[PDB]
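Working notes for the structure below.
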Amino acid sequence: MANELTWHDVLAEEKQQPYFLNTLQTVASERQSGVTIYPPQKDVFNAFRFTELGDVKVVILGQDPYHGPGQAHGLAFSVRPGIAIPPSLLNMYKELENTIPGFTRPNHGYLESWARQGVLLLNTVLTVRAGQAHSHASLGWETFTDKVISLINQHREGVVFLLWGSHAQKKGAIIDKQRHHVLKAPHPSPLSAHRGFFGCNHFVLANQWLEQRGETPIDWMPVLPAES
């Protein structure tokens, strides 16, 4: 709804922060020089565009955004339509198919429908440089995304964070285990996957928790067409 608070009130105070600004003043210079920066600026804050504070239910963190063309668009793991399904996702798709019944691979890495459910797909660092993996880290984003978390953790009760990978598990250390449901597991990545992820069943336990508090469960089957 707007159902409690908006990102702008808990973020009125940060976005006008010295560090955050350099962070964007920086990217500003580069793009200027001619360094293709992904993803486009209009898309930078898309997660926050689609999942208001007061509407978070679940939370999945990503570290660095897709440095490859056509892929990135603001939401973690989410690739645009047409954009070939990145290994990571694939493994999620499967694990999904496997645990949730009836799920059958979407065939589009487009995951907007999830955020429209109240799932925040937050990449810890928000921008990066094409081809240059992890190229925009320590530029301050982590710091923005770090505060962002204490926000939900402190001004929101009973949240679901799914922690995949050690990095992100480093992130939610602050999260109160008592106030917010925190499921952990390896990284959907081809490497991580087999050895913890596959089988984690994070997608279902997630909803068991939401149903529990009487909430609306999540339809992990991403829809694509909306308008046309």
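Ordered as shown in the structure tokens, chains take letters A, B, and onward, while each chain numbers its residues from 1 and ligands are numbered from 1 in the order shown.
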List every residue of range 144-179 of chain A that DSSP, applied to the backbone of this structure, assigns to strand (DSSP E or B), and report them as JSON, numbers by chain. {"A": [160, 161, 162, 163, 164]}
Contacts of residue 168 in chain A within 9 Å, only C-alpha atoms, excl. fewer than 6 positions in-chain, as number ranges by chain: A: 60-63, 124
Please identify all polymer residues within 7 Å of residue 158 in chain A, counting only C-alpha atoms, omitting same-chain residues fewer than 4 positions from it, and present them as a VMD selection string. chain A and resid 179 to 181
Selection export as a compact mmCIF listing (two decimals), in the first residue's frame, atoms kept: C-alpha atoms:
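Ended up saving to result.txt:
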```
# COMPACT_ATOMS: atom_id res chain seq x y z
CA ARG A 179 12.01 -10.46 14.65
CA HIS A 180 12.70 -11.61 11.17
CA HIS A 181 12.79 -15.05 9.62
```
State, in Å with one decimal place, the distance from CA of residue 51 in chain A to CA of residue 113 in chain A.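 Taking CA of residue 51 in chain A and CA of residue 113 in chain A, their separation equals 10.6 Å.
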Point-to-point distance from CA of residue 126 in chain A to CA of residue 224 in chain A, Å rounded to tenths: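 Atom-to-atom, CA of residue 126 in chain A to CA of residue 224 in chain A, that is 23.6 Å.
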How close does each residue of range 108-176 of chain A get to range 45-48 of chain A, giving the shortest atom pair and distance in Å to one decimal for every residue with an atom at most 8 Å away, counting only C-alpha atoms, sorted by chain and residue number, as a Markdown table?
```
| residue | atom | partner | partner_atom | distance |
| --- | --- | --- | --- | --- |
| A:115 | CA | A:47 | CA | 7.1 |
| A:120 | CA | A:47 | CA | 6.0 |
| A:121 | CA | A:47 | CA | 6.0 |
| A:122 | CA | A:47 | CA | 6.5 |
| A:126 | CA | A:45 | CA | 7.8 |
```
Using only C-alpha atoms for the distances, tell me which of A:141, A:20, A:220, A:77 is nearest to residue 118 in chain A. A:220
Distance query residue 86 in chain A at most 9 Å, only C-alpha atoms, self and fewer than 6 positions along chain excluded, as a ChimeraX atom specification: /A:71,77,79,109
So that I have them on file, write out the residues from the current selection with C-alpha atoms, as a PDB file, in the first residue's frame.
```pdb
ATOM      1  CA  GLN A  71      20.925  -8.529 -18.647  1.00  0.00           C
ATOM      2  CA  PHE A  77      18.995 -12.229 -10.328  1.00  0.00           C
ATOM      3  CA  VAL A  79      17.504 -10.585 -16.191  1.00  0.00           C
ATOM      4  CA  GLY A 109      14.778 -14.440 -16.375  1.00  0.00           C
TER       5      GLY A 109
END
```
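Take the candidates A:166, A:216, A:98, A:107 and check each one against residue 199 in chain A using only C-alpha atoms; the shortest distance goes to A:98.
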Taking only range 4-160 of chain A into account, list the residues labelled alpha helix (DSSP H) by DSSP (computed from the backbone), as a PyMOL selection string. chain A and resi 18-33+41-44+46-50+87-99+112-115+141-154
Tell me, counting only C-alpha atoms, for each residue of range 40-76 of chain A within 10 Å of range 4-16 of chain A, which pair of atoms is nearest and how far apart they are in Å to one decimal, in rows ordered by chain and increasing number, as a Markdown table.
```
| residue | atom | partner | partner_atom | distance |
| --- | --- | --- | --- | --- |
| A:48 | CA | A:7 | CA | 7.3 |
| A:49 | CA | A:7 | CA | 9.2 |
| A:51 | CA | A:7 | CA | 9.2 |
| A:52 | CA | A:6 | CA | 6.0 |
| A:53 | CA | A:6 | CA | 5.3 |
| A:54 | CA | A:4 | CA | 4.8 |
| A:55 | CA | A:4 | CA | 8.1 |
```
Distance CA of residue 73 in chain A-CA of residue 43 in chain A, one decimal place?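 CA of residue 73 in chain A sits 5.4 Å away from CA of residue 43 in chain A.
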Write out as a list in words the residues lying within 8 Å of residue 93 in chain A, counting only C-alpha atoms and excluding same-chain residues fewer than 5 positions away.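 Here the qualifying residues turn out to be residues 104, 105 and 106 of chain A.
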Go ahead and write the residues just picked, C-alpha atoms, as a compact mmCIF listing (two decimals), in the first residue's frame.
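Output (selection02.txt):
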```txt
# COMPACT_ATOMS: atom_id res chain seq x y z
CA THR A 104 7.76 -25.66 -14.63
CA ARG A 105 10.66 -23.42 -15.86
CA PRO A 106 9.48 -19.89 -16.89
```
